[PDB]
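Okay, structure first, notes after.
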Amino acid sequence: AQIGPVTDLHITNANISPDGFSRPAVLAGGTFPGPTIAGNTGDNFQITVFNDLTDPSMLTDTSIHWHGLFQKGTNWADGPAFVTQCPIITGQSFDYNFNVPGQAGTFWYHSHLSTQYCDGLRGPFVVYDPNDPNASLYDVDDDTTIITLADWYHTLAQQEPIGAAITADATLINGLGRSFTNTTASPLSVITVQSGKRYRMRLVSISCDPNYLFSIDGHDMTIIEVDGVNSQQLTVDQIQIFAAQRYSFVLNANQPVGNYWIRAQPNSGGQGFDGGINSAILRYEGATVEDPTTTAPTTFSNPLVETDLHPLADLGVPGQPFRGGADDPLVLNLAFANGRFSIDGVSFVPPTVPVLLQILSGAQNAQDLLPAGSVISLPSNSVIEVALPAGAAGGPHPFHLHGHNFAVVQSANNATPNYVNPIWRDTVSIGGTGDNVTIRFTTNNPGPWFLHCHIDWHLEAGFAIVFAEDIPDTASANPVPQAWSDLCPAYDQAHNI
Ligand SMILES: *[C@@H]1O[C@H](CO)[C@@H](O[C@@H]2O[C@H](CO)[C@@H](O)[C@H](O)[C@H]2NC(C)=O)[C@H](O)[C@H]1NC(C)=O
Ligand SMILES: *[C@@H]1O[C@H](CO)[C@@H](O[C@@H]2O[C@H](CO)[C@@H](O)[C@H](O)[C@H]2NC(C)=O)[C@H](O)[C@H]1NC(C)=O
Ligand SMILES: [Cl-]
Ligand SMILES: [Cu+2]
Ligand SMILES: [Cu+2]
Ligand SMILES: [Cu+2]
Ligand SMILES: [Cu+2]
Numbered sequence: 007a008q009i010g011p012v013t014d015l016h017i018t019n020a021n022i023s024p025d026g027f028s029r030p031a032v033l034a035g036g037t038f039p040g041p042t043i044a045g046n047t048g049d050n051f052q053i054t055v056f057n058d059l060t061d062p063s064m065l066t067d068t069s070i071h072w073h074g075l076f077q078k079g080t081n082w083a084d085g086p087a088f089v090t091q092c093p094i095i096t097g098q099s100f101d102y103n104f105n106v107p108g109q110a111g112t113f114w115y116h117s118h119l120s121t122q123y124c125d126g127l128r129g130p131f132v133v134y135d136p137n138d139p140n141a142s143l144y145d146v147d148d149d150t151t152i153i154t155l156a157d158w159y160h161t162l163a164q165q166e167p168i169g170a171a172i173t174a175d176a177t178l179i180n181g182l183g184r185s186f187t188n189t190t191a192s193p194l195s196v197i198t199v200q201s202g203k204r205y206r207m208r209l210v211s212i213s214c215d216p217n218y219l220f221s222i223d224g225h226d227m228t229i230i231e232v233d234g235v236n237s238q239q240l241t242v243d244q245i246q247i248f249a250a251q252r253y254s255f256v257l258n259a260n261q262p263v264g265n266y267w268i269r270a271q272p273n274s275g276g277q278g279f280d281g282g283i284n285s286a287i288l289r290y291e292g293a294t295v296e297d298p299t300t301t302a303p304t305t306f307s308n309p310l311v312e313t314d315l316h317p318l319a320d321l322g323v324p325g326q327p328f329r330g331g332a333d334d335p336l337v338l339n340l341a342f343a344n345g346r347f348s349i350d351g352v353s354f355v356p357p358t359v360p361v362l363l364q365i366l367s368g369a370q371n372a373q374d375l376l377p378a379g380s381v382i383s384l385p386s387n388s389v390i391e392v393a394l395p396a397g398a399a400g401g402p403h404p405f406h407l408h409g410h411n412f413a414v415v416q417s418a419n420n421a422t423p424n425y426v427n428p429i430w431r432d433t434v435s436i437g438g439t440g441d442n443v444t445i446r447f448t449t450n451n452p453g454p455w456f457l458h459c460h461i462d463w464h465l466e467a468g469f470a471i472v473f474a475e476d477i478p479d480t481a482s483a484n485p486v487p488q489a490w491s492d493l494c495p496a497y498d499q500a501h502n503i
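Residue numbers (this note's numbering): 7 to 503.
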C-alpha cells in the first residue's frame, strides 16, 4: 500500500539481502526501497519521521529530502543537512509539514545526510493529478506501475575505503536483482501486465551513482513526463536515466502473452546480463512462470535524446534567446582534483550552523554566510542562467537544483542551445568534455537551495554550492515551527558541539 499524505515514517536499521548477500541497512518503512509516499496535487503532506537508528556504522542521525518538491514557504522542510536543518537525532521525531501546490508527477525521497541514502533510505514519492492531461493515454497507474532503479553496495557507505574506486555490487529493480560477482540465482522482480492494457510506468532512478540504459525487450516506451514535467509523447526503445531522474512512459501490453526481460545497464559495475544481473521480468497474465528468453538488439533504434523532449504545456524559456540573456547569468567552474570536487574553486564542506538558520539569525549577504565561498546569492524575481561546463572527472555528472525545476537550454552532447521549447526538469546530465549544459529558471522561491551533483559520492566529496535565493525575504517567506528551531540545539548537545 501507498502511505500519506499524512503518515508516520520510521527510520530503522535492519538486515536485508536484496541480491542474496546479507548486510545491514538504513530503511524507511522497514523495506528497500521504502514505501511509496503519495497524495494528490496541492495536498498537505505531514510526514512525521521517527529516527530509530542505533547502528553508528551508517550514522544514527538522519534528515530526509523530498526530491523535486519546491517547498515554497517551507524551506525548513526541504531536508538537506546543514543547508535547511540540523539532522534529527536518534530517539526523536520531526514533522515535515508542507504543501505541493502546482506540482504533479513522479518524485522520490531520500536521506540527505552524508552518503546515508546509499545505505537504503530511498523511496518513491508520487503526486497524482485528478485532472491529469495525460490520463487518457493509459489504463493503469498505481503502486504496481512504479519501477525503481537502484545501485546496491556490499560495503557500507561510511566504510568505503579512502583512495579506492567505488562501484556497486548489484543493480536492483523494484528492490531485487543479482550480484555482479559471486552471482547467485536470487529472486528477480516481476512486473505484471495484462494483454491489451496500457500502463503509466513511473521510472525512478534512486541511484547513488550510475546511470542506467533502461529497456524492455520487445516493447517500446512512450515518454509523457520528465522529472515531474508533463511532456509531449516521445516514443523510444531505450532510456538513459541518470541518478535522481524520473520518467513516466506508457507501456502498451501489445506483444504476445509471455515473459520479456527488463534491462537496466549501469555505466559502471557489471556489464551485460550473465546470470540475470541487471535484469527484471515483464510477465503477461497467463504466461508461464519462467524466465524470459528474449534478447536485446545489438543497437537500439530510438534511444532517448534529451533535445527530443518537449513540454506538453507551453512553458517556453525565460530570458532572452542567447547565451547570457538573463538577469543573472552565471558560468560555474566545475572541477575535480585530489579526491575533492570544487565549484568556483571552493569544495563544499557542510557548515556547523545550517545556512537557513544563519540567514534567520541575520546574516544577510552571501559573503557573511558559511561555508565561505560556497553560498551564492540570487536576486528575487529574476531570470537566472547557469552554465555547467563539463570536464571534471567522474562524469557524466547529473546536476540537481533544490526548490526549482529549470529549462534545459543546452543538453549533453549537442552544442546547440534551445531557447524555444526545451524540456524542463530538475536533474540534468552535464555531459562530456567540451559540453556546455545550461539551465534557466526564475527566482520566485525565497530560501537557500542546494545545487549539486546527484552522484552521492561526489556530493560528499564537495561537488555543491548553495544558492541563497532572495536572502532579504527568506525569513518572512519561511516561518519556522518550534520543532525546527529545536533541531540544532538538540543535535549540537548530542554531538558535544
Ligand atoms: C558556456 O557558455 C557560457 C555562457 O553561457 C560561456 O561563458 C562565457 O565565457 C567567456 C570566456 O570563456 C566569457 O568571456 C563570457 O563573459 C562568458 N559569458 C557569455 C559570452 O555570455 C562559456 O565560455 C561556455 N563554456 C564552454 C566550455 O563552452
Ligand atoms: C541538437 O539540439 C538542437 C537544439 O535543441 C536540436 O535542434 C532542433 O531540432 C529540431 C528537430 O529537427 C527542430 O525542430 C528545431 O528547430 C531545432 N532547434 C534549434 C534551435 O536548432 C537538434 O535536433 C539536436 N541534434 C540532434 C542530433 O538531436
Ligand atoms: Cl528538490
Ligand atoms: Cu534527490
Ligand atoms: Cu532535491
Ligand atoms: Cu558527479
Ligand atoms: Cu540535494
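Ideal Cβ positions, reconstructed from N, Cα and C, are used throughout, including at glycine.
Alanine 470 has its Cβ no nearer than 7 Å to any heavy atom of ligand 4. Excluding its 5 nearest sequence neighbours in each direction, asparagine 50 has C-beta neighbours in its own chain below 6 Å: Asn105, listed in chain order. Annotated three-state conformation of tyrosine 266 is strand, per DSSP.
Taking non-hydrogen atoms of ligand 4 into account, the C-beta of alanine 250 is found less than 7 Å away from one of them. Taking all protein chains in view, the Cβ of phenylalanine 328 is surrounded by fewer than 16 other Cβ atoms within 10 Å, so the residue is classified as exposed. Proximity to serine 435 across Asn427, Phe405 and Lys78 peaks at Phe405, based on C-alpha coordinates. Positions of the beta strand (DSSP E) runs, each at least 3 residues long and wholly inside the stretch 71-121, are given as 99-105 and 111-117 in order along the chain. For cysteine 459, the beta-bridge partners assigned by DSSP are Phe405. Shortest Cα-Cα distance from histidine 403 to any of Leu394, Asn411 and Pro335 involves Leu394.
The residues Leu375, in chain order, have a CB closer than 7 Å to that of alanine 369 in the same chain once the five nearest residues on each side in sequence are set aside.
Judged by DSSP in its simplified three-state form, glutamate 475 adopts strand. The C-alpha of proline 41 lies about 15 Å from the C-alpha of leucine 182. The Cβ atoms of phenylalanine 113 and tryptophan 82 lie no closer than 8 Å to each other. Considering only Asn103, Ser120, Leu338 and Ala176, the residue with the shortest C-alpha distance to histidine 460 is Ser120. With a cutoff of 7 Å, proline 428 counts as near ligand 2, since its C-beta is closer than that to a heavy atom of the ligand. Under the DSSP assignment, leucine 178 falls in the beta strand (DSSP E) whose first and last residues are 176-179.
About 45 Å separates the beta carbon of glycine 325 from that of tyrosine 266, a gap too long to meet the 8 Å contact definition. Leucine 240 and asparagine 217 have their C-alpha atoms spaced approximately 20 Å apart. With a beta-carbon spacing of about 30 Å, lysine 78 and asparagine 339 fall beyond the 8 Å limit used to define contacts. A residue is listed when its beta-carbon falls short of 6 Å from at least one non-hydrogen atom of ligand 2; in chain order these are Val311, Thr313, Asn420, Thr422 and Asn424. Looking at the DSSP output, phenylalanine 412 sits in a beta bridge with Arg431. Boundaries of the beta strand (DSSP E) around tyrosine 205: 204-211. Distance from the C-beta of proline 402 to the nearest heavy atom of ligand 1 is not below 7 Å.
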